[PDB]
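First, one chain by itself: the form deposited in one PDB entry, in structure tokens.
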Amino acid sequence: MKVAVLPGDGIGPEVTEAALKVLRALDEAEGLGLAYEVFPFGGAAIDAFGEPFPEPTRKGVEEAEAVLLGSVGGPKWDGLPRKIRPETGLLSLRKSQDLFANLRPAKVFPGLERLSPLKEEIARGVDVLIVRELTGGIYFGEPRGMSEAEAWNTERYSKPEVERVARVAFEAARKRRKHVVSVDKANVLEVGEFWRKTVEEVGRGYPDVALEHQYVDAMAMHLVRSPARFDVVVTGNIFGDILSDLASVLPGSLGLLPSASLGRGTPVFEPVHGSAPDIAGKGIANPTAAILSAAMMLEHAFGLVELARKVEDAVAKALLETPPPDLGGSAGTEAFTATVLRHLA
């Protein structure tokens, strides 16, 4: 278990640090052989190096089996140009690992149905992993262009793009509740048939996971009326962008959400949440998304499923016992992380 930790900026460190405190408490109980190192990335790297993703960190990432990253970015580094922006170093990190699937779970923890915009009866039990294809389709598709008379973008997909992103979904499914919904617009678009056919074909390799198909329009409906029946959702770039933003608001507290990016290189595990300098330092930031990222890490990077689950659970009971300020409660980073610990036995 060798991890590269890039804490980044603002609440970046505090939370990421909270998550290592969990990781250290786990390696100690379970005997993981956890061996991590901290590398400068983003604002921190720009200040010390002049670039947000300098060579000593690119190297540190490759030599690790997982990347635990906190958030990057700040108002200090905004009066800066393209080439060296923390947002750009973030795009370089992903590109250097060839991360092609964004995995983002939107779970409703028991006792937290009150936070959901959905009625308690609907928000109860929701735990859906949205797997979004990150490098193809309309966003990178070509031909593309603009003129006084018209504009055009091209939703293009190739067979391997659909394939690898499909395997990611199946691998994940096997780990949770064993079901894959693939989403497309096959009843009108050729890309959809292409998509669906290709997925079905990857399915022949996984007779173990059930496979359902839905049109992006229908899925936007199912995700509001019955999100609780979905396990794993796989789809293209734009639809994945939409569907995962849709799914992200079902737990009704965005600062709680973890995120991963799988690919050919070192996977990356990060909180979906921003840097938040407003509260950076202060020991109040909610370390939940980070501890959960670390948990997605153990699961997607090192396959310790059962273990990622005790982490998640430990976080669930913590959210309920002594809630962080964003949940109306009054527990800070040190207070909360100590709670997650007591419940990790």
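So that the term is clear: the rigid core is the largest set of C-alpha atoms that superpose within 1.5 Å between two forms. A residue's number is simply how far along the shown sequence it sits, counting from 1.
The form deposited in another entry exists for this protein as well; it is not shown, and the discussion that follows is about that form.
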Checklist entry - So, does residue 133 move by 2 Å or more at the CA between this form and the one not shown, with the core held fixed? => result yes
Next on the checklist: I want to check residue 92: does it shift between this form and the one not shown by 2 Å or more at the Cα, with the core superposed?
Outcome noted: no
Checklist outcome for this item: The CA atoms of residue 312 and residue 175 move 3 Å or more in the other form, ending up farther
Checklist entry - Hey, the CA atoms of residue 7 and residue 175 end up closer or farther in the other form than in the shown form, with the change being 3 Å or more? => result farther
